[PDB]
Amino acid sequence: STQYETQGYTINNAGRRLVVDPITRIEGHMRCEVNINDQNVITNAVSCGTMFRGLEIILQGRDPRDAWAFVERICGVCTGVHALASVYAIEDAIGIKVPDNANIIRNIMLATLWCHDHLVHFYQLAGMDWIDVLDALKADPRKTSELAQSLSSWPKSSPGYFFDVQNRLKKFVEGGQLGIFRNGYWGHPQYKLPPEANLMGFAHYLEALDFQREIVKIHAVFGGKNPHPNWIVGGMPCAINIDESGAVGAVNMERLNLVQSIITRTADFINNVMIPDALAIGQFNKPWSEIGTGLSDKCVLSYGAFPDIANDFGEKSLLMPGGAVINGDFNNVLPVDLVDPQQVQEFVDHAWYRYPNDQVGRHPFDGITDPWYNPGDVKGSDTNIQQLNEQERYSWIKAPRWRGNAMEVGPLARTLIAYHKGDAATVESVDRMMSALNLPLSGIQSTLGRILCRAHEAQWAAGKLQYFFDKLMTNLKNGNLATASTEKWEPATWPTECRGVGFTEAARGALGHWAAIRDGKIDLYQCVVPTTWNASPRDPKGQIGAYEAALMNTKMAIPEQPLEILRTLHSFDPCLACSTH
C-alpha cells in the first residue's frame, strides 16, 4: 500500500477495500471503490466511468446543421441541453445571429429542463437515501396530515389520503413482490425521519412521478416531442402565426395558452411540495451539513447561462452568473475564457485513452479521443476487474482541470459563485434558508447543501419560465414574430475554415462543445460535460476530482451497506452517459 498528500487530504490505500458496482439510481454505468481504516472511515476513494460510445468520433464528417441531433443523444435525462450547446457552437463558428423570439424560446426550453430534471432527481433518484419507505407502514395517518399541514399550503393532506397511500403500499408489499424496494437499506441507523415524515415523503414521491410528465408538454409544443426535442441552426423550427389564415398550422394562441397552463402548475408543485420537503430533510439530517464537503470549500466553476440579450454571451446578458474560485478564496471570483488554451484542459494519464504525451493536458480545440482499454493489474483479468488500479488507468472519463486546478460544478458551485459575486436574489435566498435551519453559511458546502441548492434552483427556474413567456408575448403584441435567420443556412455562404464554442449550465453544471468546420463538414467536435468534471479520475500531480474528494474522510456505520457513499454520490446527480459520451 501507499500514501500521499493532495488538496489537504491524505490518500491511503491501506486497509479493507470495498466495491460498489453497479451504482444504481443514476443515469448510465458507474463503479466506485474505497479503502476504510480501522475506525470505518474512508481514506481512499476511486471514481470509475464504466461505459463509452464515442460521439466525438461519430461527429467527424457530419454536416454542421445535423450535429445537434446526434449530440442530443449523449443523454436522455438532460435531454435538450446538448442540442442547445451544439446550435450555439455552430452559430459561433459560422457567424450567425438568431432572432429574439428564437433566443427566448431556447431559454424556455432550458428552464423547463431544469425544472423537470431537478424534480425527478429529488424524488426518484436521491429520495430513497433519505426516506425509509418501509417505515412509512408504521405511521399514524392523522399525525402525517398534521405534519404536512404545518409545513405547507398544498391541498393534498387529508388523513384519509395518507391512509389510502399507506394502504396501497401495504397491499404492494404483502405478497413479497417488493419491486424497486427489494433488498434496500431500510432500518439503517442513518435513516432519521419519524414515520409520519416517511409517509409524507412517499406520498410526494408518487405525486411527483405523476406530475413530472406534464412539465415536458412545453418541450412538445416548441420542440415536437420529449424526450429528444428538435432544434435548428439559425433559431427554432416552430414558426408562429397568431392572426392570419393557416394559424392552425403554427404556434397560435391556443398553443400559447397550453404553455401558460403548464408554467403555472409547475411553479405551484415546486413551491408547495418540493421546497417544503427539502427543508424537512434538512431539519431532520443537520449532521449532513458537515459531511461530503469535498472541493466545495476549495475550487468551484460556472460558465454561466440564460443570455437575456439575444446573441450576447457576456456578463451583462447572462441571467445565471459565471466565474471560478480557487484555493478557497471566495473574495476573488475569476473570469472564465473557453478559448484560452491555459484554462480548460483534459488529462488522460489515469483514463482509457491515448495521447502522444500523457503527462500534459490538452485544450478541447487540441483534443484527441483515441480509446485504449488498458487496466493493468486488476487482481483478475482484463475481462474480470476485481480491484481497479488507481495508480494507473482506471476510467472511461477524461480528467478536466481549470488552470491546472480540480473543480466542482453544479447547483452548489453556481449558488456559491452567484452569492460571492453579490447577486441580491441569491444572497437573500441563501441567507433566509440557512437561518431557517439555524445553520451557518458554511453548512451549504456539504452533501446536504447540494440537495438544498438543487431545490432552490428548481424554484428559481420556475420563476424564470414565467419571465421568458411574458417576454415572448410582449414581442408578439408588438408584431415581432420571427423565429429563424436563414441568411447563412446554405454551405456556400460559410467560411472555408472556422471554429466556435457553445456553452451553458446544464442541470448538473458547466457544459461546453468545441467545434471546427472545414470545407462544409465537421473536422473536430470535442465535448467536456458536467459529470466529466465531477466524476474525473486523477491527473499527473495526483490531484483528485470532486466525487473522490467528497467521499474522503467519511464515516460508515455498516461497511457492507454503502448508504453514506450513495448519499454523497447521488447529491451530485451523476450522469455517466453524459460524462463519457
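Numbering starts at 1 and follows the sequence shown.
Here 221-229 and 285-293 are compared by their mean Cα B-factor, and 285-293 comes out higher. Taking only CA atoms, the mean B-factor in the PDB entry is higher for 272-280 than for the other of 272-280 and 256-264. When the Cα B-factors of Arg106, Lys298, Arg414, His118 are read from the PDB record, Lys298 comes out highest. Across the residues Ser395, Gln124, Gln391, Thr369, the deposited record lists the maximum Cα B factor for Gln391.
When the modelled residues of the chain are ordered by their C-alpha B factor, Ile451 lands in the middle third.
Annotation for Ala247: C-alpha temperature factor in the lowest third relative to the rest of the modelled chain, per the entry. When the modelled residues of the chain are ordered by C-alpha B-factor, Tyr191 sits in the highest third.
Among all modelled residues in its chain, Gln343 ranks in the middle third by Cα B-factor. Compared with the other modelled residues of the chain, the Cα B-factor recorded for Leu569 ranks in the lowest third.
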